[PDB]
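Student: For the record, the sequence lines run as chains A, B, C, D, E and F.
The numbers in this note's numbering rise by one with no breaks, and the one at position 11 of the first sequence is 87.
The numbers in this note's numbering rise by one with no breaks, and the one at position 27 of the second sequence is 67.
The numbers in this note's numbering rise by one with no breaks, and the one at position 14 of the third sequence is 15.
The numbers in this note's numbering rise by one with no breaks, and the one at position 94 of the fourth sequence is 145.
The numbers in this note's numbering rise by one with no breaks, and the one at position 13 of the fifth sequence is 17.
The numbers in this note's numbering rise by one with no breaks, and the one at position 16 of the sixth sequence is 22.
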Amino acid sequence: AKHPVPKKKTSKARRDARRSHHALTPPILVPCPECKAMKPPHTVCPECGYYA
Amino acid sequence: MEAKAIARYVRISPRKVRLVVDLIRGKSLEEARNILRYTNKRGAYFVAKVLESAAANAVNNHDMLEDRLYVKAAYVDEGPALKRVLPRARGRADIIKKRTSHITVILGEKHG
Amino acid sequence: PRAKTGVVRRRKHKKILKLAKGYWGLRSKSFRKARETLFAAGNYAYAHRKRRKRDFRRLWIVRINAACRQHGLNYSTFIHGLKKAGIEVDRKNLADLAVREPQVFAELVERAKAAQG
Amino acid sequence: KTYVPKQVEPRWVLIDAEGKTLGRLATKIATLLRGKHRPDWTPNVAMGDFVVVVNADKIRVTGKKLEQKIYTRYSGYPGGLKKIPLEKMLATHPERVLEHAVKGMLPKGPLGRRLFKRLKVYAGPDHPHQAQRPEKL
Amino acid sequence: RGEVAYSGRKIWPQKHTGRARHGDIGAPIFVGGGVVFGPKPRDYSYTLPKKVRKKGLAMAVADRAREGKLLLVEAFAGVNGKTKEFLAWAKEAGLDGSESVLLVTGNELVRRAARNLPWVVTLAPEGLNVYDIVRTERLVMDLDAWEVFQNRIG
Amino acid sequence: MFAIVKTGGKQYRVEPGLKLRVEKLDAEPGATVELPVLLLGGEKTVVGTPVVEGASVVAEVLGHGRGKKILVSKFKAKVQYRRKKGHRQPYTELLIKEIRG
RNA sequence: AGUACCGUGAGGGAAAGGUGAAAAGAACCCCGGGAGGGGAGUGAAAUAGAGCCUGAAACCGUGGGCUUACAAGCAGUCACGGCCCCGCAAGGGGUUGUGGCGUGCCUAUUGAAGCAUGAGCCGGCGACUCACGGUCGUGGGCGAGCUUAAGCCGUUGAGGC
RNA sequence: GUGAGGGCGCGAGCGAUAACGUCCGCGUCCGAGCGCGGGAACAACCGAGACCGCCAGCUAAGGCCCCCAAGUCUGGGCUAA
RNA sequence: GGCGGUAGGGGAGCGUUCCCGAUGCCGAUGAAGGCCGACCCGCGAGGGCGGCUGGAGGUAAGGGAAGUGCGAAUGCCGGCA
Ligand SMILES: [Mg+2]
Ligand SMILES: [Mg+2]
Ligand SMILES: [Mg+2]
Ligand SMILES: [Mg+2]
Ligand SMILES: [Mg+2]
Ligand SMILES: [Mg+2]
Ligand SMILES: [Mg+2]
Ligand SMILES: [Mg+2]
Ligand SMILES: [Mg+2]
Ligand SMILES: [Mg+2]
Ligand SMILES: [Mg+2]
Ligand SMILES: [Mg+2]
Ligand SMILES: [Mg+2]
Ligand SMILES: [Mg+2]
Ligand SMILES: [Mg+2]
Ligand SMILES: [Mg+2]
Ligand SMILES: [Mg+2]
Ligand SMILES: [Mg+2]
Ligand SMILES: [Mg+2]
Ligand SMILES: [Mg+2]
Ligand SMILES: [Mg+2]
Ligand SMILES: [Mg+2]
Ligand SMILES: [Mg+2]
Ligand SMILES: [Mg+2]
Ligand SMILES: [Mg+2]
Ligand SMILES: [Mg+2]
Ligand SMILES: [Mg+2]
Ligand SMILES: [Mg+2]
Ligand SMILES: [Mg+2]
Ligand SMILES: [Mg+2]
Ligand SMILES: [Mg+2]
Ligand SMILES: [Mg+2]
Ligand SMILES: [Mg+2]
Ligand SMILES: [Mg+2]
Ligand SMILES: [Mg+2]
Ligand SMILES: [Mg+2]
Ligand SMILES: [Mg+2]
Ligand SMILES: [Mg+2]
Ligand SMILES: [Mg+2]
Ligand SMILES: [Mg+2]
Ligand SMILES: [Mg+2]
Ligand SMILES: [Mg+2]
Ligand SMILES: [Mg+2]
Ligand SMILES: [Mg+2]
Ligand SMILES: [Mg+2]
Ligand SMILES: [Mg+2]
Ligand SMILES: [Mg+2]
Ligand SMILES: [Mg+2]
Ligand SMILES: [Mg+2]
Ligand SMILES: [Mg+2]
Ligand SMILES: [Mg+2]
Ligand SMILES: [Mg+2]
Ligand SMILES: [Mg+2]
Ligand SMILES: [Mg+2]
Ligand SMILES: [Mg+2]
Ligand SMILES: [Mg+2]
Ligand SMILES: [Mg+2]
Ligand SMILES: [Mg+2]
Ligand SMILES: [Mg+2]
Ligand SMILES: [Mg+2]
Ligand SMILES: [Mg+2]
Ligand SMILES: [Mg+2]
Ligand SMILES: [Mg+2]
Ligand SMILES: [Mg+2]
Ligand SMILES: [Mg+2]
Ligand SMILES: [Mg+2]
Ligand SMILES: [Mg+2]
Ligand SMILES: [Mg+2]
Ligand SMILES: [Mg+2]
Ligand SMILES: [Mg+2]
Ligand SMILES: [Mg+2]
Ligand SMILES: [Mg+2]
Ligand SMILES: [Mg+2]
Ligand SMILES: [Mg+2]
Ligand SMILES: [Mg+2]
Ligand SMILES: [Mg+2]
Ligand SMILES: [Mg+2]
Ligand SMILES: [Mg+2]
Ligand SMILES: [Mg+2]
Ligand SMILES: [Mg+2]
Ligand SMILES: [Mg+2]
Ligand SMILES: [Mg+2]
Ligand SMILES: [Mg+2]
Ligand SMILES: [Mg+2]
Ligand SMILES: [Mg+2]
Ligand SMILES: [Mg+2]
Ligand SMILES: [Mg+2]
Ligand SMILES: [Mg+2]
Ligand SMILES: [Mg+2]
Ligand SMILES: [Mg+2]
Ligand SMILES: [Mg+2]
Ligand SMILES: [Mg+2]
Ligand SMILES: [Mg+2]
Ligand SMILES: [Mg+2]
Ligand SMILES: [Mg+2]
Ligand SMILES: [Mg+2]
Ligand SMILES: [Mg+2]
Ligand SMILES: [Mg+2]
Ligand SMILES: [Mg+2]
Ligand SMILES: [Mg+2]
Ligand SMILES: [Mg+2]
Ligand SMILES: [Mg+2]
Ligand SMILES: [Mg+2]
Ligand SMILES: [Mg+2]
Ligand SMILES: [Mg+2]
Ligand SMILES: [Mg+2]
Ligand SMILES: [Mg+2]
Ligand SMILES: [Mg+2]
Ligand SMILES: [Mg+2]
Ligand SMILES: [Mg+2]
Ligand SMILES: [Mg+2]
Ligand SMILES: [Mg+2]
Ligand SMILES: [Mg+2]
Ligand SMILES: [Mg+2]
Ligand SMILES: [Mg+2]
Ligand SMILES: [Mg+2]
Ligand SMILES: [Mg+2]
Ligand SMILES: [Mg+2]
Ligand SMILES: [Mg+2]
Ligand SMILES: [Mg+2]
Ligand SMILES: [Mg+2]
Ligand SMILES: [Mg+2]
Ligand SMILES: [Mg+2]
Numbered sequence: 077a078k079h080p081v082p083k084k085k086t087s088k089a090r091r092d093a094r095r096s097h098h099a100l101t102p103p104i105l106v107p108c109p110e111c112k113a114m115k116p117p118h119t120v121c122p123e124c125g126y127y128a
Numbered sequence: 041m042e043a044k045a046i047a048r049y050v051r052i053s054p055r056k057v058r059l060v061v062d063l064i065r066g067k068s069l070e071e072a073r074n075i076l077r078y079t080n081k082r083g084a085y086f087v088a089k090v091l092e093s094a095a096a097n098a099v100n101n102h103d104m105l106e107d108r109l110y111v112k113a114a115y116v117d118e119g120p121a122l123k124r125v126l127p128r129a130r131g132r133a134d135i136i137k138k139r140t141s142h143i144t145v146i147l148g149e150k151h152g
Numbered sequence: 002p003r004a005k006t007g008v009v010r011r012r013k014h015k016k017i018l019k020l021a022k023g024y025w026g027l028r029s030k031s032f033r034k035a036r037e038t039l040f041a042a043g044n045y046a047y048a049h050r051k052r053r054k055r056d057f058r059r060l061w062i063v064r065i066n067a068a069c070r071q072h073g074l075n076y077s078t079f080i081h082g083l084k085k086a087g088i089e090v091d092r093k094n095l096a097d098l099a100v101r102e103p104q105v106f107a108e109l110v111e112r113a114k115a116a117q118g
Numbered sequence: 052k053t054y055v056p057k058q059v060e061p062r063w064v065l066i067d068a069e070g071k072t073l074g075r076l077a078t079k080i081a082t083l084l085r086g087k088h089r090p091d092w093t094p095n096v097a098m099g100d101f102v103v104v105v106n107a108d109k110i111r112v113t114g115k116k117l118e119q120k121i122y123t124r125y126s127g128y129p130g131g132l133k134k135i136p137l138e139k140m141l142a143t144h145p146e147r148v149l150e151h152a153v154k155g156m157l158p159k160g161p162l163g164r165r166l167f168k169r170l171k172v173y174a175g176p177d178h179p180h181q182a183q184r185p186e187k188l
Numbered sequence: 005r006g007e008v009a010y011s012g013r014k015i016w017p018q019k020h021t022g023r024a025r026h027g028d029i030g031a032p033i034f035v036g037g038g039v040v041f042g043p044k045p046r047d048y049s050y051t052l053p054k055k056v057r058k059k060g061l062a063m064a065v066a067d068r069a070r071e072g073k074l075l076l077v078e079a080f081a082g083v084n085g086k087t088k089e090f091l092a093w094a095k096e097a098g099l100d101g102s103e104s105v106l107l108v109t110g111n112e113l114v115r116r117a118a119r120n121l122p123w124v125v126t127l128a129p130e131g132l133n134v135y136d137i138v139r140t141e142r143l144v145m146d147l148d149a150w151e152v153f154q155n156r157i158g
Numbered sequence: 007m008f009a010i011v012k013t014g015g016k017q018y019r020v021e022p023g024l025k026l027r028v029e030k031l032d033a034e035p036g037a038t039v040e041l042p043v044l045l046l047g048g049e050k051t052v053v054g055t056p057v058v059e060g061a062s063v064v065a066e067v068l069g070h071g072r073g074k075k076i077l078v079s080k081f082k083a084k085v086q087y088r089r090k091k092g093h094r095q096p097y098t099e100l101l102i103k104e105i106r107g
């Protein structure tokens with residue numbers, strides 16, 4: 077409401093463009109020594125266990 | 041052959057779940073399952089629950105084998121919004137718009 | 002006897018709205034921005050129409066000029082010989098002979114050579 | 052309907068530059084740069100002849116010029132209007148002198164920049180011995 | 005804008021508000037507000053010159069007559085208000101029903117007859133009006149009714 | 007045999023019998039008309055006078071009929087002036103036949 | 001519904017209608033905590049499944065065709081070409097690479113693209129009327145005449161006096 | 001309907017033989033011809049009054065070396081900034 | 001042969017709601033409306049035809065009466081950005 081005010085309604089084209097890098101990035105998982113379940117790297121896991 | 045599964049009226053912003061959906065866009069059932077299992081988002085919970093049931097329908101209603109189905113396509117849709125009030129300085133009221141979502145997940149048979 | 006706005010407006014809109022379908026963002030979705038777009042375009046057509054003539058006029062002359070120029074002479078020289086030899090024949094357009102049947106163009110050039118003197 | 056040209060092979064050209072008036076030369080270089088000299092002209096396609104100039108430094112110029120002529124190089128910075136006399140150019144990279152000339156004569160259009168590529172300039176002579184070398188004056 | 009429940013108070017001060025500018029909601033530009041120039045009740049009639057009134061009635065009866073449909077009648081065997089009788093008469097009169105008829109008679113029993121009959125319209129002797137006349141294909145009236153018709157115009 | 011011909015104010019070459027489209031003309035539906043207007047030929051018919059003397063290009067009027075309806079429309083600003091005029095040009099389907107010069 | 005709500009108070013004052021011929025309004029099973037879906041069953045129809053007939057626009061979305069990271073623009077228009085798509089062909093449609101040309105709409109003004117006004121976008125509401133009298137034109141009746149007013153008789157969308 | 005007019009050339013007052021200054025007059029364009037060509041762009045300067053079409057043709061102003069259509073035209077002089 | 005045009009005046013027409021035409025006619029072999037169109041006719045506003053939706057109304061020719069066409073009013077109500 078104060079000095080900071082947008083001049084024009086950002087075109088729906090520019091909006092989407094802005095959100096370019098906005099996309100997500102899939103998590104990282106690897107097979108584990110116990111089951112075949114995919115544990116996150118450098119981590120234990122429920123219903124799996126560990127050692128030492 | 042394909043098996044749909046939509047979760048209408050879900051308290052959550054489409055934009056937020058859209059991210060979740062786009063992750064499993066055209067992926068193996070198991071492949072997707074793992075993504076949802078460890079992905080760090082609230083939209084995960086929902087996209088998962090629906091995607092899951094989608095398989096249930098594929099099997100028990102469309103003679104599709106779990107071990108051979110992927111994500112032919114999937115998308116989320118924007119539903120009716122819950123407008124609310126918001127007390128503001130100098131006595132101003134503004135409408136906070138808690139939108140909702142219609143998560144449409146569909147599967148399909150692989151190849152031959 | 003009330004007269005509901007009924008259907009008229011919407012139809013008038015969607016009517017023009019489609020004539021402009023294909024433009025930019027709101028410029029081809031908002032009933033009205035499209036109109037404005039069409040307003041200008043409508044005029045563009047009329048001017049560009051008389052332009053379409055001017056276009057080919059010179060366009061041809063470019064070909065022609067460089068054509069007889071290859072035989073060694075000016076376009077002004079070229080034409081003068083023709084207009085003097087009394088031959089509307091090669092209307093600027095059909096001077097494209099420089100591409101189709103160049104020999105024909107040659108003789109026309111030759112005729113122009115002896116035309117002047 | 053007016054002739055509709057198609058794909059044409061690049062006709063290279065070898066042009067001198069000794070004792071040649073900077074302008075009088077660049078003109079033709081530009082004229083021929085685009086296929087404006089070939090009766091089968093067409094602005095749309097851009098099919099000009101690959102023009103290569105040799106003996107750049109040799110170029111002649113009239114009056115004060117060498118001492119008069121001034122070139123303008125403005126960087127986006129305050130007081131970056133750095134300007135260079137003609138002579139200096141002939142000292143540093145002389146090839147420019149003709150380049151910027153022809154450059155300023157090719158159409159301002161983006162395909163004109165594409166025609167700028169069809170323009171190779173050195174001073175030796177000795178060009179990149181490729182193939183074509185149709186000498187001209 | 006007058007007869008509308010809305011108040012007469014001003015909605016905004018019309019100053020340093022940032023809003024448009026209005027008085028009460030009764031303003032036409034207030035969806036629901038008073039109609040702008042809505043038609044109020046009023047008569048649509050006037051006083052058409054008597055001469056014309058008759059002149060028409062004349063040319064009217066004269067037209068359908070000129071074409072050849074003005075059948076003057078008298079013999080009405082229709083003892084009572086029993087449609088059957090009328091259609092039985094009309095049948096033997098030349099009214100198979102292929103032409104709409106305007107029945108002008110003094111007898112109120114003859115009314116009853118063609119009263120319900122769809123392809124016919126009953127009417128009083130004085131009831132002669134240029135509309136119903138030029139509204140049918142055939143005109144058939146009681147001779148006695150043709151007398152009172154001669155009274156207004158003969 | 008490139009034989010030029012001017013008609014309807016505009017001229018153009020003529021292939022030995024081919025489908026052409028020219029300005030509307032006053033001729034029967036499927037008849038044949040001659041266009042003495044001829045310029046040049048296939049073996050260099052130098053057009054002595056503006057139009058070649060003894061020569062003629064004859065074609066068969068394949069008929070008439072209007073064409074694409076172009077749409078003209080004027081508009082000047084800051085002034086309530088707007089015009090929307092529809093227009094379409096008629097023509098004849100002159101099917102080229104004989105090109106005897 | 002003078003309700004909700006707003007105002008100490010007098011007072012102000014909303015929004016909000018529709019499944020389907022019939023409720024036959026969806027038994028049972030499947031995923032799911034539920035909501036919700038999926039299959040089955042109902043119906044002529046379920047994109048008639050429950051603020052459910054029709055269901056437009058702005059607006060958000062998914063798949064496809066065309067296009068784009070050496071580009072400078074009121075966004076279009078004219079031409080050429082390439083891609084894709086309908087037709088036997090000629091032809092046509094969708095898209096835009098390059099070249100040409102090009103200062104938005106309304107208002108207000110001597111004068112605006114204007115760094116003057118108004119407009120986020122869409123859809124719906126919105127502004128020259130009616131009565132009496134006057135005046136000029138006009139169609140028709142009648143003519144040195146023309147015409148009725150209130151009302152009365154009649155009718156029940158008949159006229160006449 | 002209009003009763004703010006404006007620029008321009010010319011003839012005058014005021015001004016300072018100032019002002020995209022101002023006040024009358026004669027005419028002109030703009031207004032309302034921001035439609036087109038020229039003038040780099042540009043309401044009024046030069047050309048010229050757009051009923052619509054056309055991938056025809058001469059010309060106007062201006063222009064005819066390259067961006068740019070069309071002469072590096074022809075002949076004779078001047079000017080080295 | 002005239003046909004740029006604001007304020008203006010004048011002329012012709014299109015579409016919307018209802019009325020007579022109607023005890024009629026079109027209509028579930030599909031009404032009104034919605035969606036699409038490169039076809040058809042008209043200078044045009046519009047009119048027509050074809051496919052799709054839709055599910056019960058609609059209304060010629062020729063006439064009549066108007067709550068009769070919106071892009072703007074920091075206009076109004078709603079919906080969405
Ligand atoms: Mg998008
Ligand atoms: Mg994404
Ligand atoms: Mg919760
Ligand atoms: Mg089952
Ligand atoms: Mg809904
Ligand atoms: Mg706060
Ligand atoms: Mg908001
Ligand atoms: Mg309205
Ligand atoms: Mg409109
Ligand atoms: Mg198009
Ligand atoms: Mg012309
Ligand atoms: Mg050649
Ligand atoms: Mg020195
Ligand atoms: Mg020195
Ligand atoms: Mg410093
Ligand atoms: Mg420095
Ligand atoms: Mg450009
Ligand atoms: Mg009141
Ligand atoms: Mg009141
Ligand atoms: Mg009240
Ligand atoms: Mg009041
Ligand atoms: Mg009041
Ligand atoms: Mg008041
Ligand atoms: Mg008051
Ligand atoms: Mg104020
Ligand atoms: Mg009201
Ligand atoms: Mg009301
Ligand atoms: Mg009301
Ligand atoms: Mg009255
Ligand atoms: Mg009256
Ligand atoms: Mg009166
Ligand atoms: Mg009856
Ligand atoms: Mg011969
Ligand atoms: Mg119920
Ligand atoms: Mg169910
Ligand atoms: Mg449910
Ligand atoms: Mg449930
Ligand atoms: Mg359930
Ligand atoms: Mg269903
Ligand atoms: Mg539907
Ligand atoms: Mg339904
Ligand atoms: Mg449903
Ligand atoms: Mg219920
Ligand atoms: Mg609901
Ligand atoms: Mg619905
Ligand atoms: Mg309903
Ligand atoms: Mg119903
Ligand atoms: Mg829909
Ligand atoms: Mg809905
Ligand atoms: Mg998408
Ligand atoms: Mg996409
Ligand atoms: Mg897409
Ligand atoms: Mg660069
Ligand atoms: Mg590139
Ligand atoms: Mg540019
Ligand atoms: Mg194909
Ligand atoms: Mg085929
Ligand atoms: Mg084919
Ligand atoms: Mg073809
Ligand atoms: Mg093709
Ligand atoms: Mg094509
Ligand atoms: Mg195409
Ligand atoms: Mg398409
Ligand atoms: Mg530009
Ligand atoms: Mg003002
Ligand atoms: Mg002002
Ligand atoms: Mg004015
Ligand atoms: Mg601006
Ligand atoms: Mg502005
Ligand atoms: Mg201001
Ligand atoms: Mg002001
Ligand atoms: Mg504003
Ligand atoms: Mg706002
Ligand atoms: Mg708003
Ligand atoms: Mg708003
Ligand atoms: Mg609107
Ligand atoms: Mg609106
Ligand atoms: Mg209205
Ligand atoms: Mg109105
Ligand atoms: Mg009056
Ligand atoms: Mg008087
Ligand atoms: Mg009078
Ligand atoms: Mg009168
Ligand atoms: Mg009269
Ligand atoms: Mg009279
Ligand atoms: Mg008369
Ligand atoms: Mg009279
Ligand atoms: Mg008379
Ligand atoms: Mg009755
Ligand atoms: Mg009634
Ligand atoms: Mg005054
Ligand atoms: Mg003076
Ligand atoms: Mg002044
Ligand atoms: Mg002045
Ligand atoms: Mg003057
Ligand atoms: Mg004027
Ligand atoms: Mg004038
Ligand atoms: Mg004038
Ligand atoms: Mg303009
Ligand atoms: Mg100019
Ligand atoms: Mg100009
Ligand atoms: Mg003409
Ligand atoms: Mg000429
Ligand atoms: Mg000149
Ligand atoms: Mg020039
Ligand atoms: Mg000389
Ligand atoms: Mg006129
Ligand atoms: Mg005039
Ligand atoms: Mg009319
Ligand atoms: Mg009735
Ligand atoms: Mg209706
Ligand atoms: Mg319909
Ligand atoms: Mg149409
Ligand atoms: Mg139809
Ligand atoms: Mg159906
Ligand atoms: Mg339909
Ligand atoms: Mg009706
Ligand atoms: Mg109204
Ligand atoms: Mg308007
Ligand atoms: Mg509005
Ligand atoms: Mg505002
Ligand atoms: Mg606002
Ligand atoms: Mg609002």
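Beta carbons are placed, not taken as given, at the ideal position from N, Cα and C, and that holds for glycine.
By Cβ distance below 8 angstroms, which residues in the same chain neighbour E/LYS86 in space, the five residues on each side in sequence not counted?
Tutor: Answer for E/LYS86: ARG116 and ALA117, listed in chain order.
Student: Where do the ends of the beta strand (DSSP E) carrying C/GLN71 lie?
Tutor: Per DSSP, C/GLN71 belongs to no beta strand (DSSP E); it is in the alpha helix (DSSP H), 32 to 72.
Student: Let me see if you follow: with CB-CB separation under 8 angstroms, is B/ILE75 close to chain A or not?
Tutor: It does; some Cβ of chain A falls within 8 angstroms.
Student: Three-state secondary structure (DSSP) at B/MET41?
Tutor: Here B/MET41 sits in coil by DSSP.
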